[PDB]
Amino acid sequence: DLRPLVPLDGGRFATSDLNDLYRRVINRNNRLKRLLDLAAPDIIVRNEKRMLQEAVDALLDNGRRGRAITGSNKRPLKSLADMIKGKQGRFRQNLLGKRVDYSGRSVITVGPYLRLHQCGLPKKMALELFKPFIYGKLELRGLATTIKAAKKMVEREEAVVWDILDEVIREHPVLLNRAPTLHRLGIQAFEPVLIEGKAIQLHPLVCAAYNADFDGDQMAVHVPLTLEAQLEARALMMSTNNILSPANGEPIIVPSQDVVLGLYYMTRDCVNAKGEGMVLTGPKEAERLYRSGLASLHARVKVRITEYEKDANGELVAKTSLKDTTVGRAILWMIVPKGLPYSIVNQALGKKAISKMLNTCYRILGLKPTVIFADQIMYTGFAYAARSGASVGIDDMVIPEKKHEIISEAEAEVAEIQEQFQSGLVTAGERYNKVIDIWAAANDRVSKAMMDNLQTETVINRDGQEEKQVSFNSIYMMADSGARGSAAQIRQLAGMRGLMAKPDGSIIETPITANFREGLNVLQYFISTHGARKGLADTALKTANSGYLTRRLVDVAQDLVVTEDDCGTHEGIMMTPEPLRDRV
Amino acid sequence: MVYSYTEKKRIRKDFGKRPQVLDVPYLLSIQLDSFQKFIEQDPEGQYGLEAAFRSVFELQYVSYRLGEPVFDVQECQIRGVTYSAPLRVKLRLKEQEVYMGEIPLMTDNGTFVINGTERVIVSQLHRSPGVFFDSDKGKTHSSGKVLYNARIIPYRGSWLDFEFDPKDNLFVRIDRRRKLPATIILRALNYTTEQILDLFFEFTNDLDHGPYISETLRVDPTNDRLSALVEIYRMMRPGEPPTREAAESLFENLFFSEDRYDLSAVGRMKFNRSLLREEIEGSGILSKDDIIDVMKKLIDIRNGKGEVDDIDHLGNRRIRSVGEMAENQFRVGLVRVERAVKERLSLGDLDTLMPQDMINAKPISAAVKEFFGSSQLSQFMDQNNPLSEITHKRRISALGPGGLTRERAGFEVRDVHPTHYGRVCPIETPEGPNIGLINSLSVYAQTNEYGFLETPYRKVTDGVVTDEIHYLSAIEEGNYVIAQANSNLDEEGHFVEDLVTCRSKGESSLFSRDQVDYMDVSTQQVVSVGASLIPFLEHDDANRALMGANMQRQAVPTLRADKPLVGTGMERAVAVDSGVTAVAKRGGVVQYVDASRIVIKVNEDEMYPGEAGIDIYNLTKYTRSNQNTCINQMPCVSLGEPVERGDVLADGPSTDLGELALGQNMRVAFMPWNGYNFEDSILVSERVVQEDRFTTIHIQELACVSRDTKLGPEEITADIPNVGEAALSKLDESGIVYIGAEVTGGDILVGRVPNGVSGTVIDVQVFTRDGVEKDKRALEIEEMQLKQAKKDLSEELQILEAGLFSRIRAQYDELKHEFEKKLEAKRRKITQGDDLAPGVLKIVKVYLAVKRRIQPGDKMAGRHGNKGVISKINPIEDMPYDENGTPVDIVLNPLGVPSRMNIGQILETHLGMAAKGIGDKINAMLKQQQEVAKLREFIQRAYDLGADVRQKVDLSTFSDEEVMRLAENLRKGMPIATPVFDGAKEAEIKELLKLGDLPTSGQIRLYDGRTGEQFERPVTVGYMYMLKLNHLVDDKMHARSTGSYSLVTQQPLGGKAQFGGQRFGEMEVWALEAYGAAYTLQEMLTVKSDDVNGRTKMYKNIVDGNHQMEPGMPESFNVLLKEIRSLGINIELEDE
Amino acid sequence: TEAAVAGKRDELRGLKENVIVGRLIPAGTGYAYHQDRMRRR
Amino acid sequence: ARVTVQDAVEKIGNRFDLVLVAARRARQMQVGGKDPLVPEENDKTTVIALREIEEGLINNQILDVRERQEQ
Amino acid sequence: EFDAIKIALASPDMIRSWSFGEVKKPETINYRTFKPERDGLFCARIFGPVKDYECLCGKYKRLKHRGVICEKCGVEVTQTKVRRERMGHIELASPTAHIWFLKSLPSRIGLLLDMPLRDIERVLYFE
DNA sequence: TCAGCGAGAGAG
RNA sequence: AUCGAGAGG
DNA sequence: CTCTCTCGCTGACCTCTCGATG
Ligand SMILES: Nc1[nH]c(=O)nc2c1ncn2[C@@H]1O[C@H](COP(=O)(O)OP(=O)(O)OP(=O)(O)O)[C@@H](O)[C@H]1O
Ligand SMILES: [Mg+2]
Ligand SMILES: [Zn+2]
């Protein structure tokens, strides 16, 4: 039965390779039997003896001495030694991994309303995944007697099973997994919320740990069965226990993109905005004034603030004063937990500032307040990013007015340096470096002019006079807040694309003097494709190196466990400064 | 310009500025032209079947011809057979005509029907035959000294390599075998040491001359010819049976026999040109002079009087198409016949024998049908939309029989080469393991008579550019100076500037007016067909352009076709050349039209003598494609209309009045909305769903076969044990479902509907052989197919019969006899039998059709590499709106634009807003019922806008009815065309916006639909073209609790088709180990898989309300123990 | 081959061996379990 | 007990023993038949056991003493 | 119920003790009638019943007969799962080497003795 | 193919 | 079941 | 004793569709 004969829809059968090698060996061995009885001359016998040892070597390990035997097709047959070794052998395909029951798979979308410990599960999947529990709860209440009545009731989809299912998932966690599992944060435990539809909803704050996106991605779901498994899921793998990385110390749940943009927009300030110069009794008055339409989010005002600080014994002591701030910061102050200073929000916030806020809260207050603080931060960021109406247009990509003069001067310089080569005055290999340096300097000049024109643009009127301030450009705000942009890519958008390289690695003499707002021509576009294809091929053809290295590293050190409490030895190493604090 | 009838109904406005001097060619020439030179008669006998017959032909061959196919394409597709023709050959020994076999035929669009399915043969790019000199750069030896080598490659035969050694010694290899000293081969050609020294020496330097031959002779352990032959024989064939006759024959047949070696005409030409000879013709076999010349050239390169070749140069690789591979396979099949003929010609007989007795047609047919159906280059054709087929038919592959391998291929062959300019697209390529190994043909590219790609250029004479066009190849163009296509010319053809940007010798620079030789023909010469459909491509990054070109081929046709407002101008060419429409063969007047048939009455000056003169077009209705999609044709002409030649009479899938149309036009705003477009999510309105703008039709097939098993015979009947009477309601008296029945999951069709799948029955087919017995429904339906098919043919012939009868009655017996003969022939063709498989009596096939609507979890994309998944369907009173109360359709996140530098998607959004703005102004004028003069004035002002464009439309020559019809067709927006590298500027877009009474920034004020408050900044709103890709969440959701298991390893099966489970691999086990969850790991390893008793105990315990497990031992460990014991090794468990 | 020649024994003291056989790994919530076995040997 | 289990970890001592103690306590209520020491509040046995551990009414020594008393 | 795994070379007596049946010369399943050949690769006597608690001939079809071999067939009545367990053996008519112990980088069957791999391989292949 | 390593003959 | 071809993350 | 030089031998995540052959 370990080498069975499988019937087909037609009369014919499908057989294994082993049954052929056995028959070959049997036939040849029986052929040797007749020769001994007939007393054939040893010349004929010696040929047959060489034959049998050729057959056996095929059955044990085919191809050690090249004589590979094939079948109906021109493909080598598989020996016994081929079924226990390799990537498709018993060890690596059936014993270190396998397929399981109570599992499912689907596409993932976003749910912006969930709490950190929740997930959204379709009820069509949930009904199938939890069938025995429903059968048991049906038999318990007497609604069915046999084991087929419950099956019929579930198949007919009556109106009473939709409450049993709600009762049997109330506090039962599930496991979610994404296919490339690079570290242990690739499997996590959540609590299901029954939804309509066919897609799974995932919390926005857990994407970075999964390396997940909403472009077509998929995910798998598993169900724990025993009490010990449920308690292990709740106490070890639940997403509210995994907030710091195990490879370093920094947190892993961090806001990004829309949340960063929203908080950054609230916490900025302007000059001569509506309602500037008021004195307020607290944050609630600021919220009233903003909602009524009587003040701007960016107005500079005075507000009375109360804060708390911890003493030596661990108790909280209050302190009240008046502070210079803005309406948006006073509004944001209402979600900060007690025990933190007011200076932590009296500035414009970016990615680093928000991450530092979360880390400080965890350091001072503990674990439970941090989850609430993170969820409130996400809600407020989503709420206030939409109210701003931030967009993108073609007029936001501003090109400096001095680009033409710089480019013309560089061209004149490189044209003049050819006169030193027409009449011998420089090495034939020396003009190359001079031209490269000239073009690099011109590129730097153009980039600096563009960035100086973009970052600061106010020309604003303050009570009569003219003043300058940080700009409110959409692209500049996106780059400065740390949401998506980089200063290098704004160069390609509105400066110069720069110098390209040949496929071998040399530098092309003349650069690309066009950005993406004003298009490229055929030659520049043709030149730009070498690097694109090279990068794509590099990405595609060297994931296997990393996979192989990781597998070897896991196999070498897989059996090292902490098995003792104190060794007692006095040895050590001496650490020197990278700061010293980060190293000890 | 004079406009065609199809194009005068809706004229696209063009923004291009450079005049066109050459037309886009027919896009399917590479297949039809190749297959033509395989079956057409060639008196010079050098291309196809004639060459193969003359290359092997005692028996005398006279001629050949091809017969008439038994069935046509449609009947072959319906029945499930191959569309082929018989091959007849005339031989003399007496004169007789014999039968050789069946040759598959190519259809009108460049495909093959093999077993009822359409297939495509992909062209191959491979190394050319000849001689090549190469050298490894380094790392062969630690000394860091380069080594030079030379190789000879024929079309057929064995290889030959010469190479050097770290000690400067010559060595030779045959068929990649072990090395031998070189001079041995010289000794095998009747040369003594004196003659060798005379050949290679005249004196021995140390920098420009070398003693390499003398030292090699020193190391050579041979001094006689026979010693050389025996050494070669021992090296080639171990075993050493040295005989004088054996040694001579091997060397004679190795390189000097016409039946074992062939250096083709192209190989001869390249070989001669590499050695700087004069003639380009010769023989297919080698000679001593050739080998000596190769040795001298290699030695000279070693000395320093030459250079090595580039292996990736596109002048060294050539193209092989289907008409060549078919000939190769036919010759392979033919050489097996002659052995049998020679064997049967030695038995001894006369008089009674005939040529047919010595010919067996099995091997030839076997080889041909193996190639057409089992080759790696014969592929299941891609049929998602019209663009997919065009892209598939124009593909080039570096893999195949004489090709490369995915894993062994390095990095240099996958790169873009400077010689690809104008021949291979540098953008469109797969993104997986096949990157760089699959390519697409450029728009104007061709091949010459040897098989090398070439591209066209304009001749320049005395400083003026003319209209004379020459096709140049990679070798030729390196000796010239070629100017770009965007150079400025005056009315006399002179260059305006004194310095021109030009290409020469693989570099680019500036040249004078009088140093230029040629010029480009177009600005879209370097891209492929798919990449030329992306507007504003020059504002996009190359990675995103690749993504968009690839994703444009996955779109699904919708219920209604909708043209793009912003296009490039290549839609008509693709739509017409694809072959999915109906095109008029001759001009005339429409006589009859309904939903499934068109009749044309031909003009007087296009009729042959003695002809009735009507054309009949039948249309395809609700047929499934290879991807389970829908194919449907719809007429687009009215009764009594005049038609010219080449006009579109009906539309195919994804076509709108003769233009390609893959998606829908949507109103979009760029802004964030409450986290519902967080990463790449898309928020959609409910009005989109209510209007069915992304609803698709899918068709599925199911089969039922009753076996002829001897144990129990089975037949189709209504009676079924243990079923209700309601179950048989949809079944007829014969047990087959009615047409028009609405079924759902778990219903009997022929007794069967797969779980979760619904639909409607639209087609039932019955297949029977020449056997016995028949059913009532088959008598009612299978006979109904034949009677209906006869009725359609009778109706078609009736029109011609009536016309001829009316003409005559104004020799009827001859006409009546002819028409009766035609009817009898049609009936006989329709009444033939079917050849089934043994053990099968009859087959029943059922077709189902279902409709699919969008829902959260479906994938959408544009043309610029932007893709996403739908997250929410929003009520209409929640969407943002404007000052007139108009809401938007789609909301997209701006944060996805600045990181991926695809700026073009913004520019399109600005232009589409302008286009719609024109249509609105027309729409109002049609509601108020104004006079034709005002419409004329406004439309003329609209068509004249631009900065020195080349279109020049004039409406003063239009009739009033024509103007009204154009205005009616223009009332939903004015279409606009912008070529890939010669398009519209920002200033022109702003002028169009101003003409439409819209802001020139492209941004307006919006209000919140839930509170009525105004957003704080202006937002970008416009129109953009969206696509629906074939990744539907209905096909991806799956779940399981318990089911079926495998046989050897008692583990769950895999795959949604067979209700399988998910795989828990090694990396997941590592993750669970790193968590510390031992009980979860043990539960997954045993009781959910491989534990036969534990699984049952766990199930019973769960049903009883007790959550506890009793693990045991997995079965795979027992299997492994038995398997290891079968190798003769004792392995066991130590209980004590 | 080397193991069959030498005649070796395996005590199943690592993670992979217990995974292959199908027992509790000697780490985490299973660690204490293995501590009992040594106490009974 | 809900959302976060950090309270019981500081009382038992480590995460790997809390799972075993909670499972031993919960199996008594689910199958053996026993009454909770806290209001049920419509909870599963695992959550009730975690709540009892958090309050301070359950640990290994108490269960051992009760088992000795029963026999 | 176990605590270690042992591995070692086998001997003819051990292999004979594993087997439930003698050598098997016939080939296959008799494609015409699916019942297996006697004394073959698929054989009911050597390896076990084809169906649960049923004889090949069919004389005994009850649990009361459990543990009884058939006089006319020689087939025991037992659960069919034993077909996954029982093994067999073949009697070679001449000694044959083991490819694993001959071909390797540190060859074993040729390291106990002095001679290298080339000449010993020549001897084994009758040359 | 390409990179890496050990077993085996050489010429001093 | 194996082989070949293609697609998605 | 001890560098050169041939010459083999072993290695390079998850999911879906089609057809031809057993
Ligand atoms: N061959 C491969 N092997 C592998 O082991 N993992 C692969 C993979 N190919 C894709 N992935 C996964 O897919 C993610 C990026 O692919 P993608 O969804 O498009 O997002 P991307 O970041 O590129 O941004 P976008 O294209 O939307 O602009 C990538 O990390 C990875 O997990
Ligand atoms: Mg993704
Ligand atoms: Zn019996």
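Protein chains get the first letters and strands the later ones, always in sequence-line order, with residue 1 at the start of each.
- Secondary-structure annotation of DNA chain F gives the stems F:3-5 with H:8-10, F:9-11 with H:2-4, with a stem taken as at least 3 successive Watson-Crick or G-U pairs whose two distances both fall under 3.5 Å.
- You'll find that the side chain of A:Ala179 is closest to H:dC14, out of H:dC9, H:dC14, G:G8.
- An OP1 or OP2 oxygen of H:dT15 is reached within less than 4.0 angstrom by a side-chain nitrogen or oxygen of A:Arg99.
- When the side-chain contact (heavy atoms from CB on, under 4.5 Å) test is applied to A:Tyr548, the partners found at least two apart in sequence or on another chain are A:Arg552.
- No donor-acceptor pair closer than 3.5 Å links the side chain of B:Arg707 to the backbone N or O of B:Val705.
- A distance of about 37 Å separates the P atoms of G:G8 and H:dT10, rounded to the whole Å.
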Would you tabulate the nitrogen or oxygen pairs shorter than 3.5 Å linking the protein to nucleotides 18-20 of chain H?
from, atom 1, to, atom 2, distance (Å)
H:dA20, OP1, B:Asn115, ND2, 3.4

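- Considering only side-chain N and O atoms, B:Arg1063 lies under 4.0 angstrom from the phosphate OP1 or OP2 of H:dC14.
- Listed nucleotides H:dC13, H:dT15, H:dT10 differ in distance to A:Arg64; the shortest reach to its side chain belongs to H:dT10.
- Residues forming a side-chain hydrogen bond (donor to acceptor under 3.5 Å, both in side chains) with A:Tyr210 (at least two apart in sequence, or on another chain): none.
- Taking the six-membered ring where the residue is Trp, B:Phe1064 and A:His222 present perpendicular rings, their angle passing 60° and hence far from 30°.
- Remark: A:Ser79 pairs with A:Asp82 by the side-chain hydrogen bond (donor to acceptor under 3.5 Å, both in side chains) rule, at least two apart or across chains.
- OP1 or OP2 of G:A5 sits under 4.0 Å from a side-chain N or O of B:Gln376.
- The phosphate of H:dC13 has OP1 or OP2 within less than 4.0 Å of a side-chain N or O from A:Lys87.
- Comparing H:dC9, H:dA12, G:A5 by their closest approach to the side chain of B:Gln379 singles out G:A5.
- For B:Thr1049, the side-chain contact (heavy atoms from CB on, under 4.5 Å) partners are A:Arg90, A:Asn94, B:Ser1046, B:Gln1051, B:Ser1116, not counting sequence neighbours.
- Distances shown here put a side-chain N or O of B:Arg406 below 4.0 Å from the OP1 or OP2 atom of G:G6.
- The side chain of B:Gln554 lies closest to G:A7 when the candidates are G:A7, H:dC16, H:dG11.
- The aromatic rings of B:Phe1059 and B:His1038 sit perpendicular to each other, their planes meeting at more than 60°, with 30° as the lower class boundary.
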